[PDB]
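A quick write-up on the structure given underneath.
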Amino acid sequence: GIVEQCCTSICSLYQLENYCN
Amino acid sequence: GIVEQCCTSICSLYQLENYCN
Amino acid sequence: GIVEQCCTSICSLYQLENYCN
Amino acid sequence: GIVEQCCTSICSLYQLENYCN
Amino acid sequence: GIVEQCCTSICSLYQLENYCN
Amino acid sequence: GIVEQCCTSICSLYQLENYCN
Amino acid sequence: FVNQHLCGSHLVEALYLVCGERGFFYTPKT
Amino acid sequence: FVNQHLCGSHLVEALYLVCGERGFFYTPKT
Amino acid sequence: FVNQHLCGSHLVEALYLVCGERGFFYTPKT
Amino acid sequence: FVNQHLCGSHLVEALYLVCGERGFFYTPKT
Amino acid sequence: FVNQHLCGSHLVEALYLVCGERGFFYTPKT
Amino acid sequence: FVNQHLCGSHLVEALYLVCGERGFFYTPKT
Ligand SMILES: [Cl-]
Ligand SMILES: [Cl-]
Ligand SMILES: [Zn+2]
Ligand SMILES: [Zn+2]
């Protein structure tokens with residue numbers, strides 16, 4: 001999930017957009 | 001400048017990117 | 001909605017709780 | 001204290017209220 | 001008080017320092 | 001740099017001012 | 001708890017604290 | 001609500017959230 | 001832009017930043 | 001240091017940074 | 001990404017997220 | 001005042017606090 005993607009492993013601002021509605 | 005623009009109007013992340021080193 | 005209510009008036013933590021998954 | 005209660009070990013928002021005036 | 005002063009006018013870090021334990 | 005000075009090792013608010021323009 | 005006046009990112013912070021592990025959805029108007 | 005680790009500035013931001021107008025004390029020495 | 005570790009409230013503040021008006025979901029359980 | 005314009009949770013953050021281990025008390029009016 | 005309305009420390013947070021390891025300079029008027 | 005570990009966004013929020021109108025540079029590469 002997002003926490004794995006961003007917190008545990010680095011993510012980009014683009015990958016962050018994956019969680020927008 | 002960007003500090004004012006972002007406050008009194010709006011600014012994009014792309015405009016913000018300009019301020020990175 | 002809650003985002004506006006909390007800004008333009010007030011909202012309780014209990015109202016916020018409604019937005020949890 | 002609060003740091004032990006919240007930071008070091010998990011606390012609830014109710015337990016946080018313990019530190020209100 | 002300081003909470004209002006810092007919001008409705010300005011306050012210095014030195015004034016803030018007064019509120020430390 | 002600042003990260004070494006502040007993040008990795010403790011710094012004061014005065015030492016922080018080292019990074020003001 | 002006290003009532004809250006929360007704009008912008010402060011609302012998101014409040015939702016984060018309130019919801020913890022449940023997470024939350026943030027859905028502004030428009 | 002939930003139980004979480006609230007540390008540092010996040011701890012005091014949570015206190016602000018919970019206590020608001022009541023105010024609060026943050027006394028890490030105890 | 002960059003890739004960084006965004007955790008906790010910082011993660012949701014970043015989501016707020018990126019998504020804004022679209023809104024977002026923060027679902028740490030997945 | 002510069003003078004500060006600090007509302008809401010920003011004042012708490014500033015108090016947190018200013019006071020460190022001493023902690024602080026936050027006491028709004030009313 | 002969405003356009004941003006960012007005042008005070010929120011702009012600094014946004015710059016921090018946007019610039020990562022590059023860092024950034026914050027240069028208000030006056 | 002105090003000495004503390006200021007990291008990441010908290011570091012730049014502290015710089016914002018201390019420097020304000022002067023502005024600042026955040027240059028983690030050095
Ligand atoms: Cl604000
Ligand atoms: Cl943190
Ligand atoms: Zn704010
Ligand atoms: Zn943090």
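Proteins come first, then strands; the chains are lettered A, B, ... in the order of their sequence lines, and each starts at number 1. What you see below is based on every heavy atom in this structure, not just the backbone, and it leaves out hydrogens, waters and symmetry mates. In listed order, ligands and their atoms are each counted from 1.
Between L6(H) and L17(G), the closest heavy-atom pair is CD2-CD2, 3.3 Å.
Aromatic ring pairs are classed by plane angle as parallel below 30°, tilted from 30° to 60° and perpendicular above 60°; the pair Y14(E) and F1(J) is tilted.
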- Item | side-chain contact (heavy atoms from CB on, under 4.5 Å) between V12(H) and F24(J), worked out | CA-CA 10 Å; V12(H) 303; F24(J) 62 91; 3.7 Å; yes
- Show the numbers, then the answer: is there a side-chain hydrogen bond (donor to acceptor under 3.5 Å, both in side chains) between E13(K) and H10(K)? CA-CA 5 Å; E13(K) 290 271 3; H10(K) 303 291; over 6 Å; no
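Protein N, O or S atom count below 2.8 Å of the Zn ion (ligand 4): the structure gives 3.
Remark: the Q5(B) side chain and the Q15(B) side chain contain an N/O donor-acceptor pair separated by less than 3.5 Å.
Sulfur-to-sulfur, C6(B) and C11(B) sit under 2.5 Å apart at their SG atoms.
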